[PDB]
Amino acid sequence: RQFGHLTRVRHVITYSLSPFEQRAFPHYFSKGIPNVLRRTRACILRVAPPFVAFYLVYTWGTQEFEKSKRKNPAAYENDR
Amino acid sequence: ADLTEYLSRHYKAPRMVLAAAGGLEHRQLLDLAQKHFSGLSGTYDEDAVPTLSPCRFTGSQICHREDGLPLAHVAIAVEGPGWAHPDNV
């Protein structure tokens, strides 16, 4: 496991450019924000709904905890 | 058409040199050049005279990966001086 003994690669050509010759942030807001959005659209459907379902169970459970904490109308009413 | 146009443009007298070396008399070479080479045209059509625009050197890499070949060949270089520069020495 070293550079030279990794694997057999053939017929590939890699064109590169010096970091001083090229830019650091090439088309960052131009090409990026769309690419970021595309990536968000790809994942969102798989990622979000469980956290939404958590939020629903969270607020509901806290709501129902506050309901059960509070008074009830059958506590000695219509019973003097 | 391309070959003949390339010839007609670039192969001309002011862009050319006749060199010689050995046992020969400069006067005689000049007579031979006058007698045979003076038939070449001596300037342009007022355009078509290409002059060299300077070439941009770019620090960069090219890596033709090919494991089938027996020995790796590497060539690394920085930007050169040009023919004129005394630094060459």
# chains A, B, ... in the order shown; residues from 1 in each chain; ligands from 1
>>> interface_residues(of="chain B", to="chain A", cutoff="12 Å", atoms="only C-alpha atoms", output="MDAnalysis selection string")
chainID B and resid 56:69 72
>>> residues_around(residues="segment 6-19 of chain B", least_positions_apart="6", cutoff="10 Å", atoms="only C-alpha atoms", output="MDAnalysis selection string")
chainID B and resid 29:30 33 37:45 48:50
>>> select_by_dssp(residues="chain B", states="helix (DSSP H, G or I)", output="list in words")
residues 2, 3, 4, 5, 6, 7, 8, 9, 10, 26, 27, 28, 29, 30, 31, 32, 33, 34, 35, 36, 37, 38, 39, 86, 87 and 88 of chain B
>>> write_last_selection(atoms="C-alpha atoms", output="compact mmCIF listing (two decimals), in the first residue's frame")
# COMPACT_ATOMS: atom_id res chain seq x y z
CA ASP B 2 -2.99 25.31 -47.66
CA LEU B 3 0.55 24.11 -48.48
CA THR B 4 1.05 26.56 -51.37
CA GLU B 5 -0.38 29.48 -49.35
CA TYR B 6 1.85 28.55 -46.38
CA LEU B 7 4.80 28.43 -48.81
CA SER B 8 3.94 31.71 -50.59
CA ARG B 9 3.59 33.49 -47.23
CA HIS B 10 6.46 32.16 -45.12
CA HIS B 26 32.42 34.16 -49.63
CA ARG B 27 32.48 36.18 -52.88
CA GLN B 28 31.56 33.04 -54.88
CA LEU B 29 28.67 32.08 -52.56
CA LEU B 30 27.35 35.65 -52.87
CA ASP B 31 27.57 35.41 -56.69
CA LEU B 32 25.66 32.08 -56.62
CA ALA B 33 23.02 33.53 -54.26
CA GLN B 34 22.75 36.65 -56.44
CA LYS B 35 22.46 34.52 -59.61
CA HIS B 36 19.92 31.96 -58.27
CA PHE B 37 18.21 33.27 -55.07
CA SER B 38 17.63 36.94 -56.10
CA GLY B 39 14.50 35.70 -57.94
CA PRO B 86 22.34 36.82 -21.75
CA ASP B 87 21.17 34.74 -18.75
CA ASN B 88 21.12 31.72 -21.14
>>> atom_distance(atom1="atom CA of residue 35 of chain A", atom2="atom CA of residue 52 of chain A")
24.4 Å
>>> select_by_dssp(residues="chain B", states="strand (DSSP E or B)", output="list in words")
residues 60, 61, 62, 63, 64, 65 and 66 of chain B
>>> atom_distance(atom1="atom CA of residue 69 of chain A", atom2="atom CA of residue 49 of chain A")
29.6 Å
